[PDB]
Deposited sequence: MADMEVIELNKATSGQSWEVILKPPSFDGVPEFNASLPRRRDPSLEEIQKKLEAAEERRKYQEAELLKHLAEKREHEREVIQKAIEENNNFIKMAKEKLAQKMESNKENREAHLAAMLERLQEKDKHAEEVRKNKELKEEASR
């Protein structure tokens, strides 16, 4: 029932006032440099993480190059070993075949030596029969 109306303002398209039902029980700098500092620190963290990503990708490219080179090195070692094993085999075989033919011809030469000795022995009986 005890309502206190206090007039505040009056104007051309308005009217205002305050209505008090009960009074109160208890009576009663950012800087541009600081902002810039924070944005630049965030930009540096973004830049740093992107650089670390690209550094990791660069290490992948290095690995890719090492695997191509490894395949090439394995192929070259295969060729080299195949070449030396084959040269060893062909030379060892040539030495063996030559040895086998030298041994056979030496046996035949000994037969020829023996035949001349047989003919010589015959001459000490033939004609030499008084």
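Residues of the deposited sequence with no modelled C-alpha atom fall in the ranges 1, 30 to 41.
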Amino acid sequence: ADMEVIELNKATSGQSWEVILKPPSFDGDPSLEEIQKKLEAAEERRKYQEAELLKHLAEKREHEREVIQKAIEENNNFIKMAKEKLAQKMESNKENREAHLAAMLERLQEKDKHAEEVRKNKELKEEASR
From here on, numbers count along this sequence of modelled residues.
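In the record comparison, residue 28 is unmodelled in at least a third of the other entries of this protein that model the residues flanking it. As listed in the deposited structure, the average C-alpha B-factor of 63 to 71 and of 29 to 37 is greater for 29 to 37.
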